[PDB]
């Protein structure tokens, strides 16, 4: 048995920014009250994990990153009621405490217990469950899925269908749900509309999936890497454009293509310039633009507020606007009922031991999602 004991297991530790992960033994403490220890089965490589490496996203180091994953409960602490040992689970990097004003709001999902705004890199109790070479190691977004075992707070885990293929549904833990919900829940894309999606990685492809599910008539994919266009069209893009191919700014091109601006635009990259371009290319009186990309730490954009005064709506969202614990099980059930596809997002499946190779595939432009299998 491992229950009640420290587990020594393999994890990918990030000791400092801009260095490879170190795949080595860590100690994982047993769960305390209202905590859950999970044996990980699969984890995806999201660009946001790379943001930790690159210093785009600031969180305390050293750290066990990883937030898009699925696994099986190994043990539960005192007082846990929502999962049991043996359950398939998805960690929730946006928690759902159920008690804060955001969790009680019909349209809020960015629970005040999150560790994204002001990252501490701990459990809810302000401590860590991880040790490596005798040193405490930080958590990441309450999840830390680049480990054979993690410990999460109960509000940071959802039970999912026991028959779930974990090597696919791990994507519901971040990239699929974020993109799909950004289209269907946050933007509320309408039937017959014209959409523009900036960035055709895993999250942007999921935005396209959502725009197509919502009945958009036109879905224009925008990326500087034309190698991304074929898969974008497979999942619903009607046109793709590469800004590098044009003498004019792409907002002008997209305004012309849409006969005066798009209904819905999405920034799914993480650049200040494309956030302003994406806003500008939606129709000035009734267009909606959604920021999905994580911006570089502490940098401000510049924009003319007449873009808003005319009638545009600008919003952003975490995790596609989904209340995480309510939504993740339902999304898995919908995947099991063939309501959407995840295979188009998966370009590579590697053992966990190849985490660094998986990140190199992302950084080279060659992958959408690599799934790492423990």
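Numbering follows the first chain given and starts at 1.
The PDB entry records a higher mean C-alpha B factor for 335-343 than for its counterpart among 335-343 and 42-50. As the entry records it, the average C-alpha temperature factor is higher for 242-250, out of 242-250 and 148-156. Between the residues 308, 328, 58, 70, it is 58 that shows the highest Cα B-factor in the PDB record. Between the residues 285, 100, 232, 291, it is 100 that shows the highest Cα B-factor in the PDB record. Residue 87: CA B factor in the middle third of modelled residues in this chain (values from the PDB entry). Ranked by Cα temperature factor within the chain, residue 200 sits in the lowest third according to the deposited record. Ranked within its chain, residue 62 lands in the highest third, by CA B factor from the PDB record. When all modelled residues of the chain are sorted by CA temperature factor, residue 218 is found within the lowest third. Ranked by Cα temperature factor within the chain, residue 206 sits in the lowest third according to the deposited record.
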